[PDB]
Number of protein chains: 2
Amino acid sequence: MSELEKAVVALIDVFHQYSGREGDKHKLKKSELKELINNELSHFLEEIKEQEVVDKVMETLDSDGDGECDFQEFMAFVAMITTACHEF
Amino acid sequence: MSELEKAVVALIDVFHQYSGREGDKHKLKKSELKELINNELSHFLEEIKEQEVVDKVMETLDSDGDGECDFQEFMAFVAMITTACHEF
Ligand SMILES: O=C(O)c1ccccc1S
Ligand SMILES: O=C(O)c1ccccc1S
Ligand code: EMC
Ligand code: EMC
Ligand SMILES: [Ca+2]
Ligand SMILES: [Ca+2]
Ligand SMILES: [Ca+2]
Ligand SMILES: [Ca+2]
């Protein structure tokens with residue numbers, strides 16, 4: 001009901017809309033992450049068109065080193081974005 | 001414009017609505033944190049009525065030990081809530 005509570009559910013909703021596409025339904029593989037950024041973060045982040053940019057973003061977000069972005073890693077990503085803007 | 005982008009701005013908006021009330025306008029003191037939880041997280045978290053609960057929550061969220069909850073500490077709090085529900 002609150003605007004914060006709506007944001008919490010939206011974070012959960014959008015992660016899983018993408019993570020559930022292929023393979024592990026609870027983690028983002030590179031193609032899932034790329035589509036999430038391109039479709040859902042177009043006002044905040046430049047569209048990803050090059051493989052090396054995909055690779056680098058995943059390298060940055062994948063803290064436990066399994067090659068995918070899980071929900072906790074996604075939340076760290078959201079923290080990164082939000083802080084850059086609170087800042088800009 | 002996207003539902004994710006709306007969530008990112010809502011997180012920024014609600015933090016600052018509370019953090020900007022008293023003292024440091026970029027950090028939540030205990031009374032600011034308590035009001036945020038009570039007013040904005042009523043579907044997710046039991047209302048805070050006892051001082052020891054205020055104290056404990058702050059103790060948990062205040063990683064850099066300055067006695068307040070800053071925006072990065074708030075994002076960790078949001079991560080905690082979101083993960084509990086993805087889980088429930
Ligand atoms: O600037 C960003 O928010 C960012 C985006 C993707 C990967 C790393 C970073 S640090
Ligand atoms: O259960 C929670 O989400 C929580 C809330 C306030 C402080 C610590 C925790 S772990
Ligand atoms: C960069 C203003 Hg949220
Ligand atoms: C506990 C369902 Hg978001
Ligand atoms: Ca997946
Ligand atoms: Ca990972
Ligand atoms: Ca304050
Ligand atoms: Ca602190």
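Just so it is clear, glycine is given a Cβ too, placed from its N, Cα and C backbone atoms.
Copied over from Swiss-Prot, here are the features:
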| type | residues | note |
| --- | --- | --- |
| MOD_RES | A:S2 | N-acetylserine |
| DOMAIN | A:13-48 | domain 'EF-hand 1' |
| BINDING | A:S19, A:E22, A:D24 | Ca(2+) 1 binding site |
| DOMAIN | A:49-84 | domain 'EF-hand 2' |
| BINDING | A:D62, A:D64, A:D66, A:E68, A:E73 | Ca(2+) 2 binding site |
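When the Cα atoms are compared, A:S2 (N-acetylserine) and A:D62 (Ca(2+) 2 binding site) turn out to be 31 Å apart.
Closeness to ligand 6 is met by A:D66, these being the recorded positions among A:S2, A:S19, A:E22, A:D24, A:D66 whose Cβ falls under 6 Å from the molecule.
Annotation for A:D24 (Ca(2+) 1 binding site): spatial neighbours A:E68, criterion Cβ-Cβ under 8 Å with sequence separation of six or more. Candidate recorded positions A:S2, A:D62, A:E68, A:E73 yield A:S2 as lying near chain B, with Cβ-Cβ distance under 8 angstroms. Rounded to a whole number, the distance between the Cα atoms of A:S19 (Ca(2+) 1 binding site) and A:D66 (Ca(2+) 2 binding site) is 15 Å. Within the same chain, residues at least six positions away from A:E22 (Ca(2+) 1 binding site) with a Cβ under 8 Å of its Cβ are A:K29, A:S31, A:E32. Rounded to the nearest whole angstrom, the C-alpha distance between A:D62 (Ca(2+) 2 binding site) and A:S19 (Ca(2+) 1 binding site) is 14. Comparing the binding-site residues A:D66, A:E68, A:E73 on other C-beta atoms within 10 angstroms of each C-beta gives the minimum for A:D66. Residue density at A:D62 (Ca(2+) 2 binding site): 18 other Cβ atoms are found within 10 A of its Cβ, drawing on all protein chains shown. Long-range Cβ neighbours of A:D64 (Ca(2+) 2 binding site) (same chain, at least 6 residues apart, Cβ-Cβ under 8 Å): A:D70, A:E73.
Cβ neighbour count within 10 Å across all protein chains ranks A:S19 highest among the recorded positions A:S2, A:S19. Excluding A:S19, A:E22, A:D24, which define the Ca(2+) 1 site, the same chain contributes A:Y18, A:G20, A:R21, A:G23, A:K25, A:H26, A:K27, A:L28, A:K29, A:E32, A:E68 within 8 Å (Cβ to the Cβ centroid), listed in sequence order. Listed in chain order, the extra residues whose Cβ falls within 8 Å of the Cβ center of the Ca(2+) 2 site residues A:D62, A:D64, A:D66, A:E68, A:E73 are A:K27, A:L61, A:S63, A:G65, A:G67, A:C69, A:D70.
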